[PDB]
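# Analysis of the macromolecular model
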Amino acid sequence: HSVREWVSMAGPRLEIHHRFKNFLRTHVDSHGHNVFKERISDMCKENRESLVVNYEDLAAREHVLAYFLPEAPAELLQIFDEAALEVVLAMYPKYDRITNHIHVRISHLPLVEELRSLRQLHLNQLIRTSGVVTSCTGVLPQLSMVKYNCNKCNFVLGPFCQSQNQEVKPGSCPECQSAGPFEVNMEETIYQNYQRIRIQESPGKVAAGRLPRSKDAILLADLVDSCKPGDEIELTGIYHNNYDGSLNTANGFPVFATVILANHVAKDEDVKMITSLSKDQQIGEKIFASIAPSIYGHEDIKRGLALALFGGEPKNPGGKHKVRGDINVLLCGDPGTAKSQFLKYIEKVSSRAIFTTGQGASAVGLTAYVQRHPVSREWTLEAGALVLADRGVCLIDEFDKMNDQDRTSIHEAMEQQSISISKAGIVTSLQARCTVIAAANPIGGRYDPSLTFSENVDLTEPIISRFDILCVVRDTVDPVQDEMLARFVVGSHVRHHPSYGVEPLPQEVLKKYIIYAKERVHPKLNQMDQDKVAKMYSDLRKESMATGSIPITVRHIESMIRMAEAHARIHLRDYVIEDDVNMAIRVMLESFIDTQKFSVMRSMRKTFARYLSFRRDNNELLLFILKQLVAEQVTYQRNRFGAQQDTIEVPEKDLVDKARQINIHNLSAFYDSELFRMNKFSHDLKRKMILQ
DNA sequence: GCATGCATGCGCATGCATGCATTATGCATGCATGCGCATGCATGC
DNA sequence: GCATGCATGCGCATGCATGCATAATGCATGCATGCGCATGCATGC
Ligand SMILES: Nc1ncnc2c1ncn2[C@@H]1O[C@H](COP(=O)(O)OP(=O)(O)OP(=O)(O)O)[C@@H](O)[C@H]1O
Ligand SMILES: [Mg+2]
Ligand SMILES: [Zn+2]
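Calculation criteria
Residues numbered from 1 in each chain as written, not as in the entry; some residues may be left out. Chains lettered and ligands numbered in written order. Part of a larger assembly, values for the part shown. Heavy atoms only, no water. Helix = DSSP H or I, 4+ residues; strand = E, 2+ residues; numbered from the N terminus. Rg over C-alpha atoms; globule rule 2.2 N^0.38 Å. Buried < 20%, exposed > 50% of the residue type's maximum accessible area, 1.4 Å probe, protein only. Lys, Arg positive; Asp, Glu negative; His and termini not counted. Charge placed at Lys NZ, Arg CZ, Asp CG, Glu CD. Near = heavy atom within 4 Å. Polar contact = N/O pair within 3.5 Å; in protein donor to acceptor, adjacent residues only side chain to side chain. Areas by Shrake-Rupley, 256 points an atom, 1.4 Å probe, with all protein chains shown as cover. UniProt positions renumbered as here; feature names shortened; annotations may be inferred. Core = buried A, V, L, I, M, F, W, Y, C linked by side-chain atoms within 4.5 Å. Contact = heavy atoms within 4.5 Å. Nonpolar A, V, L, I, M, F, W, Y, C, P; charged D, E, K, R; others polar. Donors = N, O, S within 2.8 Å, 3.2 Å for Na, K, Ca; no water. Pairing = 2+ DSSP bridges. Axes fitted to C-alpha atoms, helices over the stretch in contact; angles between N-to-C directions. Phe/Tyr/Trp six-rings, centres within 6.5 Å; stacked < 30°, edge-to-face > 60°.

Within chain A one finds 26 helices and 23 strands. For 692 residues, the compact-globule formula gives about 26 Å, and the C-alpha radius of gyration of chain A, at 35 Å, lies well above that figure. A buried classification covers 40% of the 692 residues belonging to chain A. Once the 84 positive and 87 negative side-chain charges of chain A are each reduced to a mean point, those two points are 3 Å apart.

The following block contains the structure:
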């Protein structure tokens, strides 16, 4: 006889029920503790409805049930549910008021083949698969214990159990003996949670030359909404045919359709630690060095992205004057400078970050529209990436390639911080409180130092004016820097084969610190110094007009304040002090100067050396001087000789003179500094020379 | 005139032609709209 | 004038409300007449 035939009869049913009850009551762990005791207790503490059982323990304790389990799942699961309900109701008597049924789910199993191997042999069996979710139908109320109203009299027919295979068709009304019709009593019916899922093979495991295959699954009761589309899951289920409509009859061959019915899915002190890290005096440098571990160099960009991530504070006196606190970032770089890796890292770190590209065929669009979704076939209003990132970050790649509509939408979202829609009878305004970070390339493919930033970029001045921070990444042949970058790249390639800052914080710790600072830190400007700010602003405007190009405006000051707030948010300071103000001054001055052309940039850099030297390193400046002299000598050698020489040498007197011009008189510490050795410089006193 | 016979008369059973009562479910068709395609018009540079 | 963008345009699939097609058997009632009974009329002797 078949396994299910022996299962059906009452004798072994009751015997197996008693065996399972004893297994539940007597099962203990490897340490002697009653597993089901603690399990049912923690289930009781939250009023849950499901119980989890391992096939390994079930096979170890009672082998016959484990053997019969794969080839007769439905009846055995029903018996186990009855036994578990009896045991639980014995433990606690109140569930008759709360929950009248408890489900039993199998957790572990011997792994079963993938979606390709499922064939006729696996029908009506227990299987376990792994796949990727592609769609979900939501939550649906299915019938259970249906009550029907007669339509001739008004009698209420008793509850009928709704099986998953066929619909319930009542025979006749017990009183008037009518044959129909009947309708469902909506008020007295009981309902169940139902959801449908489509699963596709993981693209990495598909052999070359064939395509991934998909199958459908059904989740019920507590399993609903346990998976998001695009995730990777593992199911334990029943491979089924016996549902009405599976046979193809209207035309074609007699082909059956298969469906899987699933029953399991397998995918305080921190505040004190945050405060302790804040107590450390150099937390700011730790955070600055913690950004983008995989990218070498570009320390200024990481420092700016720190403020961009931490953000500021909006201010709106009354309902009249709105001032944002989001610090936008724009990057312009020559090819090969890894602009996109920064955006990828930011998306990885940020809790809510949206990524899109202006070139085309983006997964998420940049404009709101109303459409019937291709997958769910529903009439939806799909807002752009700007709307979806409320209090989040929006990332745009290939900023220049955007067409007219994208530029218009971005301008509207940046200047008004709201998106207006008038389409298909729908008129709306949606909030776009988001921070914008963008990357782009110059017009000719290479940055021109003799032209302004606006002349080098395809964008317009109004769009550029919105961004608080502008960064320029220019590629220049430095042998030592190129050597280090190549070393890092080759090391990364070798490592991933299949066979200044003391210590950066952990990524999860950084996330927790960011969340805590955003939630509970609100620095106050009650200690600002207006005299110094006003004097510096006046002097900056004066010398900008003296040079005669791109004068400063009040907007920059606002950015400074925001940056100051961001810095005060880094140290968990509740009040703004002079250090944050000076750092924001340095950042704003660097951003403003870097956008000028050669002569103006040089003059401004020379004149404003006082402010730009805040918390700077003298050794770095001396290294810059040495690099400039080395570059001059190398250029002269290449132009005259026609080829480079084997050695580079430079007198110490020129370096000393330039340091005196910058008011530096001692260089022994620079000689003993690590920066001197890192660039493979040497100093010879026998000739008073520097060799590289 | 009294004794007897008896053709008439009445009520309840069965047999047989007409007549009376009952009664939801499953399958097919046209309207709306997505998706791939080629022609063609209009707009730049 | 030639190169490119693109709003308009067309044909065949599915999904969903209305609409279309099907289709004898069993049980009840009144008319005709047999069978037992008591009254009553008519006819003998
Ligand atoms: N400093 C760096 N550290 C690590 N990798 C780098 C660095 N600079 C460049 N790369 C590598 O250079 C490659 C160039 O690709 P990438 O997408 O990063 O370029 P991009 O700057 O976005 O260029 P494009 O202007 O073409 O969009 C990448 O594989 C990146 O890892
Ligand atoms: Mg890129
Ligand atoms: Zn009824």
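Moving on from the coordinates now.
Around ligand 1, the neighbouring residues are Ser294, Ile295, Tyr296, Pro335, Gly336, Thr337, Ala338, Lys339, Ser340, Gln341, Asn441 and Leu485. Taking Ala338, its main chain carries an N or O atom lying 2.8 Å from an oxygen atom of ligand 1. The separation between an oxygen atom of ligand 1 and a polar side-chain atom of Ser340 is 2.8 Å. For ligand 1, whose free accessible area comes to 640 Å², the fraction covered by protein is 65%.

Now for the UniProt feature "zinc finger region: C4-type" in chain A. Following the UniProt record, one finds the feature "zinc finger region: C4-type" at residues 150-176. Overall, residues 150-176 shows 0% helix and 22% strand. The separation of its end C-alpha atoms is 9 Å.

Counting residues in hydrophobic clusters, the biggest one holds 66 residues, and the most contacted among them are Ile287, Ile437 and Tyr513. Counting residues per element, this core draws most heavily on helix α20 (residues 578-594), which supplies 8 residues. Not counting the four nearest positions on each side in its chain, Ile287 is found in contact with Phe310, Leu505, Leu510, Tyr513 and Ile570. Listed in part, the 33 residues of the second largest apolar core include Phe23, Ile79, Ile106 and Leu109.

In the vicinity of DNA strand B, the contacting residues are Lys152, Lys169, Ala179, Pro181 and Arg372. A distance of 3.4 Å is found between a phosphate oxygen of DNA strand B and a side-chain nitrogen or oxygen belonging to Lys169. Residue classes in the surface near DNA strand B are distributed as 2 nonpolar, no polar and 3 charged.

With that settled, consider the coordination of the zinc ion (ligand 3). In this structure, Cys150 (SG), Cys153 (SG), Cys173 (SG) and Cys176 (SG) serve as the protein donors to the zinc ion (ligand 3), at separations of 2.2 to 2.3 Å. Counting the intervening residues between successive donors of the zinc ion (ligand 3) yields the motif C-x2-C-x19-C-x2-C. Using a relative accessible area of 2% as the deciding quantity, one classes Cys150 as buried.

What follows is about the UniProt feature "domain: MCM" in chain A. If you check UniProt for "domain: MCM", the listed places come out as residues 283-489 in our numbering. Helix and strand shares over residues 283-489 are 33% and 23% respectively, and the end C-alpha atoms of the span are 29 Å apart.

A few words now on the side chain of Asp216. Counting through the fold element by element, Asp216 comes out in strand β9 (residues 214-220). Here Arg196 takes part through its side chain, which lies 2.9 Å from a polar atom of the side chain of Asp216. Engagement of the side chain of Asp216 in a polar contact is seen with the side chain of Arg198, the distance being 3.4 Å.

With that settled, consider unusual backbone geometry. Put simply, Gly180 and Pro181 share a cis peptide bond, and its omega is -5°. Structurally, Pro181 can be placed in the loop between β6 (156-160) and β7 (182-184). Even without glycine at this site, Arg391 takes up a positive phi of about 50°. Relative to the elements of secondary structure, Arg391 occurs in the loop between α12 (385-388) and β16 (392-397). With a phi angle near 60°, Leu572 is a residue other than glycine that sits in the positive phi range. Mapped onto the elements of the fold, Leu572 is located in the loop between α19 (554-570) and α20.

Turning next to the sheet that holds β7. Pairing within the open sheet is antiparallel, and its 3 strands lie in the order β6-β5-β7. Across the chains shown, the open sheet's two edge strands, defined by having one partner strand only, are β6 and β7. In this sheet, adjacent strand axes meet at a mean angle of 30° when their direction is disregarded. Two elements, strand β5 (residues 146-150) and β6, share 3 bridges in a ladder whose sense is antiparallel. Looking at β6, one finds that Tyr148 is bridged to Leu157.

Right, let's get into the sheet that holds strand β23 (residues 689-691). Across the sheet, 3 strands lie side by side as β21-β23-β22; this open sheet has antiparallel pairing. Of all strands in the sheet, those bounded by a partner on one side alone are β21 (649-651) and β22 (682-684). Sheet twist, expressed as the mean angle between neighbouring strand axes with direction ignored, is 25°. Here helix α24 (residues 652-661) sits on the sheet in contact with β21, β22 and β23, set at roughly 55° to β21.

Here the focus is the pairing of strand β3 (residues 126-136). Remark: a regular strand shows side chains that alternate across the two faces of the sheet. Summarising burial for β3: 8 of the 11 residues are buried, a large majority. Looking at chain direction, β3 and strand β10 (residues 232-240) are connected through 7 bridges and run antiparallel. The partner of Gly131 across the bridge, within β10, is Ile233.

On to the packing of aromatic side chains, then. Any two aromatic rings considered together are summarised by their centre-to-centre distance and by the angle between their planes. Enumeration over the complete set of coordinates arrives at 13 aromatic pairs. Relative to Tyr671, the ring of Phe670 has its centre 6.2 Å away and its plane inclined at 55°; by these criteria the two rings are tilted. We classify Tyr671 as buried; its relative accessible area is 17%. An aromatic cluster is built from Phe20, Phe23, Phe36 and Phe80, whose rings are joined through pairwise contacts.

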